[PDB]
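Notes follow once the structure below has been shown.
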Amino acid sequence: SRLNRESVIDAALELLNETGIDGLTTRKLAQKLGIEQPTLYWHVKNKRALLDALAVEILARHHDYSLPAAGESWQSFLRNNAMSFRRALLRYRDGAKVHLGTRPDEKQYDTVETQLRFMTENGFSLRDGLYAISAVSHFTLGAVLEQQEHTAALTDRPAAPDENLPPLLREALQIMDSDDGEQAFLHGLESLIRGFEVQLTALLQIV
Amino acid sequence: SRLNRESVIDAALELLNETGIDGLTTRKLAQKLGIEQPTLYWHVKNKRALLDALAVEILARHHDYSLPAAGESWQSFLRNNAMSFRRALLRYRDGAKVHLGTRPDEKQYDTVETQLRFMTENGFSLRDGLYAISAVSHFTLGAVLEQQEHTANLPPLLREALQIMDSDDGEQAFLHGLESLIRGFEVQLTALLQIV
Ligand SMILES: CN(C)[C@@H]1C(O)=C(C(N)=O)C(=O)[C@@]2(O)C(=O)C[C@@H]([C@]3(C)OC(=O)c4c(O)ccc(Cl)c43)C[C@@H]12
Ligand SMILES: CN(C)[C@@H]1C(O)=C(C(N)=O)C(=O)[C@@]2(O)C(O)=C3C(=O)c4c(O)ccc(Cl)c4[C@@](C)(O)[C@H]3C[C@@H]12
Ligand SMILES: [Mg+2]
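See the structure below:
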């Protein structure tokens, strides 16, 4: 194969969907590309280096609501931004676990800076703006991880005997499974956003 | 060693703190207990079975705000419940990654049912009550995961920002975020059929 950055990464992403993060090794990537290991080592030093790069690339390719639109309200930006972030994490098996074990890349700095400036120029102290942005991040991350890791454990685990399930719980699990968690996610998201709105509005009032 | 359930699990928890979740294997647990692998297999079939049990045990031992107090408001129960959940996840290395993607165990049923009933008795449709409880769960999980991970130039606002989240473990960002969630649910509940 061709062995530039882009090709190595295209191959790595496909491999990730076949094996998931734990079955992703340098040996298997060498095979898939049709090359010996020392050849690969020249381009890719080890597993950590590869993951760091996949993290960055998943967002660069698929997280396209990174910045506010012109005139857009902070509420709406938080909404769209979070939607875009879940979509991207979901696009690859173990996407979220790949992201988690990484920190922001040079390329991502000034995208995040712009996000922080945008909140402050809308009335948030730098602190409160960061808290808001983190909260949305964490909530999203956790919601996707519980979806993805729950479906990764359906392999080695039994079913729950609906027999001894109590009634509310039984109805509750049927509801989680009716979709991917999108509804619970969007509903939760609105509650977060309004909660930040109440905090901002209050200023120095007791609220 | 003794090889009952409790002993295997005590050992598994210690091992978890030494290796973290990726270095937790059946081979290494056998060694730690001073036994051959087939001996272990009789008690523990594989890694998944072990993790399912650790998940359940971490909470059974350390998650002690799992039911409402008498007279307690739903707001307050969500608050205390989430604090207690975070504390328990934090007590062991990779505690949160252990919990990921588990569902309630037979011996948790009573407890989670009671939590759902409590919300409905407080005015939530079963659906809206579940969404609230999940949102708290997911948010807490994500916040603990980013803490636990990230104990493994640069533009101005961001650099001021990162200094601020490193000033503690993330507890402040968590508790602040938590209050925003709770109030947000309050606004939704109290609106009823109003447009809000
Ligand atoms: C989901 N969005 C809110 C953000 C996002 O749009 C991006 C992005 N690259 O466009 C992030 O990287 C984010 O998704 C993201 O994951 C990071 C996150 C944040 C606040 O920025 C950080 O610099 C940073 C950090 O260094 C440590 C923890 C956290 Cl939570 C953060 C900002 C995230
Ligand atoms: C963190 N806290 C809100 C909850 C908690 O107190 C639990 C507990 N055992 O005491 C949980 O198991 C929970 O932490 C917890 O783990 C829950 C959860 O896992 C979950 C899943 O995955 C699927 C369906 C349901 Cl109904 C649940 C559910 C709602 O029971 C939650 C409850 C929470
Ligand atoms: Mg759970």
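Chains R and A supply the protein sequences, listed in that same order.
Residue numbering for the first sequence follows the numbering used here, beginning at 2 and increasing consecutively.
Residue numbering for the second sequence follows the numbering used here, beginning at 11 and increasing consecutively.
We put the CB at the ideal spot given by N, CA and C, even for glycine.
Which term fits residue i, buried or exposed, when burial requires 16 or more other beta carbons within 10 angstroms of its beta carbon?
i                        : result
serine 177 of chain A    : exposed
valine 206 of chain A    : exposed
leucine 203 of chain A   : exposed
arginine 15 of chain A   : exposed
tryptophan 43 of chain R : exposed
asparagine 82 of chain R : buried
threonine 200 of chain A : exposed
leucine 164 of chain A   : exposed
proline 69 of chain R    : buried
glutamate 147 of chain R : buried
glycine 81 of chain A    : exposed
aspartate 95 of chain R  : buried
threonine 161 of chain A : exposed
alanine 136 of chain R   : buried
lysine 29 of chain R     : exposed
residue 210 of chain R   : Lying before the first or after the last residue shown, residue 210 of chain R is absent from chain R, which here runs from 2 to 208.
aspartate 62 of chain A  : buried
residue 1 of chain R     : With chain R covering only 2 through 208, there is no way to say anything about residue 1 of chain R.
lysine 55 of chain A     : exposed
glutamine 116 of chain R : buried
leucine 155 of chain R   : exposed
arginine 89 of chain A   : buried
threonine 40 of chain R  : exposed
Identify the contact partners of residue i in chain A, using a Cβ-Cβ distance below 9 Å as the criterion.
i                         : result
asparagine 165 of chain R : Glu116, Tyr119
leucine 51 of chain R     : None at all; the shortest Cβ gap to chain A is about 16 Å.
Under 8 Å Cβ-Cβ, which residues of chain A neighbour residue i?
i                       : result
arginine 128 of chain R : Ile174
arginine 158 of chain R : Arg58, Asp62
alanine 154 of chain R  : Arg58, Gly111, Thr112
Confirm the yes/no value for this check: CB of residue i, any heavy atom of ligand 2, distance under 7 Å.
i                            : result
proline 114 of chain A       : yes
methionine 120 of chain R    : no
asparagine 81 of chain R     : no
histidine 73 of chain A      : yes
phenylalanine 184 of chain A : no
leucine 69 of chain A        : yes
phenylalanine 134 of chain A : no
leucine 100 of chain A       : no
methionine 93 of chain A     : no
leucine 140 of chain A       : yes
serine 83 of chain A         : no
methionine 177 of chain R    : yes
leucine 41 of chain R        : no
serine 11 of chain A         : no
Using only the heavy atoms of ligand 1, determine whether one of them is closer than 7 Å to the beta carbon of residue i.
i                            : result
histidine 44 of chain R      : no
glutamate 114 of chain R     : no
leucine 155 of chain A       : no
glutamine 158 of chain A     : no
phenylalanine 197 of chain R : no
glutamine 109 of chain R     : yes
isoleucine 194 of chain R    : no
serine 135 of chain R        : yes
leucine 39 of chain A        : no
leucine 172 of chain A       : yes
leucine 164 of chain A       : no
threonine 29 of chain A      : no
Which bits of chain A does residue i rub up against, with CB to CB less than 7 Å?
i                        : result
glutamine 200 of chain R : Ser190
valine 113 of chain R    : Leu168
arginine 118 of chain R  : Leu167
Cβ closer than 8 Å: which chain R residues qualify as neighbours of residue i?
i                       : result
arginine 113 of chain A : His151, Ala161, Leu174
Please list the partners that residue i has in chain R, where partner means a Cβ-to-Cβ separation under 7 Å.
i                        : result
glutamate 156 of chain A : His139
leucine 110 of chain A   : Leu146, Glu147, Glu150
Say yes only if the C-beta of residue i is nearer than 7 Å to one or more non-hydrogen atoms of ligand 3, and no if none qualify.
i                     : result
residue 8 of chain A  : There is no way to answer for residue 8 of chain A, as the model of chain A reaches only from 11 to 206.
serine 147 of chain A : yes
Item to complete: Mind listing, in chain order, the continuous alpha helix (DSSP H) runs of no fewer than 4 residues lying wholly within the region 3–44 of chain R?
Response: If we require 4 residues or more, the alpha helix (DSSP H) runs fully inside the region 3–44 of chain R come out as 6–20, 27–34, 38–44.
Worksheet item: Going along the region 131–145 of chain R in order, which residues come within less than 8 Å of chain A, judged by CB to CB distance?
Response: Under the 8 Å Cβ criterion, the region 131–145 of chain R contributes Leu131, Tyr132, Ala133, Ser135, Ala136, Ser138, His139, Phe140, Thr141, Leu142, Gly143, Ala144.
Fill in: Contact residues within the region 176–198 of chain R, judged by C-beta distance below 9 Å to chain A
Per Cβ criterion, the list reads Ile176, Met177, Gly182, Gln184, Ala185, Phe186, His188, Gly189, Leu190, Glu191, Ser192, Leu193, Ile194, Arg195, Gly196, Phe197, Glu198.
Fill in: Length-filtered (4 minimum) alpha helix (DSSP H) runs lying within the region 96–140 of chain A
List check, alpha helix (DSSP H) in window: 105–109, 119–130.
Practice prompt. Could you list the residues in the region 7–30 of chain R with a C-beta less than 7 Å from some C-beta on chain A, going in chain order?
Written response: Result list empty, no residue passes.
Fill in: Whole runs of the alpha helix (DSSP H) within the region 51–94 of chain A, excluding any shorter than 4 residues
Counting whole runs of 4 or more residues, the region 51–94 of chain A contains the alpha helix (DSSP H) stretches 57–72.
Worksheet item: Considering only residues of the region 146–195 of chain R, which uninterrupted beta strand (DSSP E) runs meet the minimum length of 3 residues and lie entirely inside it, listed in chain order?
Response: Complete beta strand (DSSP E) runs here, min 3: none at all.
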